[PDB]
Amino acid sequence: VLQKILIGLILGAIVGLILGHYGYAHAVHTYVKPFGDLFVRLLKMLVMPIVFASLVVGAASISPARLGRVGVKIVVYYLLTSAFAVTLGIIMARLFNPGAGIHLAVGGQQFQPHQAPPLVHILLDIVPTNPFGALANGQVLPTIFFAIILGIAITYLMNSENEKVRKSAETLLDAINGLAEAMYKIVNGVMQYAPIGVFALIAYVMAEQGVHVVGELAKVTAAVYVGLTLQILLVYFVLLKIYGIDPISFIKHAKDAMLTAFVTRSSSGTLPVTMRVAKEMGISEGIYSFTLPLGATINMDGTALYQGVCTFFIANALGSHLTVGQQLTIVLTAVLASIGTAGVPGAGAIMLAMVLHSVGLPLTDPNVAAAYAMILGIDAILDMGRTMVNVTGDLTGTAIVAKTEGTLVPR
């Protein structure tokens, strides 16, 4: 029930700030957060079953050729929106000018960012050498790959002349479809707990980081969140309408994944809600079962935009000036970064470091590190918004593609 999570969101926000103000933050950490973390875990639990099972069923429902057209379409969409995101972040930064006048003292946290594996590696790894391992290690891309191959192959089998082959292929499908159906059913149950979860999650963030949102760090929050707002209005909404979708209808249907993403701060972990949203939008499983898990890992408009704003904040705080040529470099790098970290765990951190280095602000610089460490103080706050844009772009792309594919039913 929407009312209820919205109450949880609002109540938790304010109680978090109140308790955080009176230095009862470590109480919230101890006694409250747990109930939030549970919600997250409960959702994450569904991910690898619901992604795998849904895709096998989906991949087997529609023609390979359509799937491939779907793939081209969304990939292009994911690329363009990402590029506009990081761009919009630069604009947002140049307009609001966060991080300026800051003269931080070196010391405190240092980082040695992990290096992104080469692009070839990352592409190759889309193909699992062991699908059972990919499922157990929770690797989404390889799971996507195998699910599709298996689904396609199942369809061939069901067109066999030998009944025995047909029947055993049907059984596997039905079993896997049983699992898919089950995971959607479980989502409905989990979402009853959402109010308590949503409450506890936001409460903790507000109690911990709500307080830190002051001075220049408020400028960053503003720039970021105005940026994120603008991506939704000026990009998604406009696009949705161009392709004959009512933005309000979409929000109406999408609201559940959007709210879950915001608090959960997990694109991956919101997937089950996202995927149910698309189902309830009446989108073909042959589409969203592919696009949404893909988008969840490679399509992060929120993050892109943040990377722009963060690069400028750090540059400002060091008194660096970013030429237009450097601004170009940021966009390019941001786009490449998300491609070249596609499967990689903790890809957000790596990307940022790549983007920062592209304009000569290595995180291994003590002055850069001081600046970064400052903005990290409120990352949870930032992460909520940007995660939610991350998910919302997936549904937008999925909606748009679904819409251009017109009528589409199983074979």
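One-based numbering along the sequence shown.
When 108-116 is weighed against 199-207, 108-116 comes out higher, by mean CA B-factor as recorded in the entry. Of the two stretches examined, 320-328 and 222-230, the record assigns the greater average C-alpha temperature factor to 320-328. When the C-alpha B-factors of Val359, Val56, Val47, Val40 are ranked from the entry, the top spot goes to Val359.
Set against one another, the Cα B-factors of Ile283, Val277, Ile126, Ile298 in the record reach their highest point at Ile298. Sorting the modelled residues of the chain by their CA temperature factor places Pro34 in the middle third. In the PDB entry, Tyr288 places in the lowest third of its chain by CA B-factor. In the PDB entry, a CA B factor belonging to the highest third of its chain's modelled residues is recorded for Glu163. Per the PDB record, residue ranking by Cα B-factor puts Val401 in the lowest third of the chain. When all modelled residues of the chain are sorted by CA temperature factor, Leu240 is found within the lowest third.
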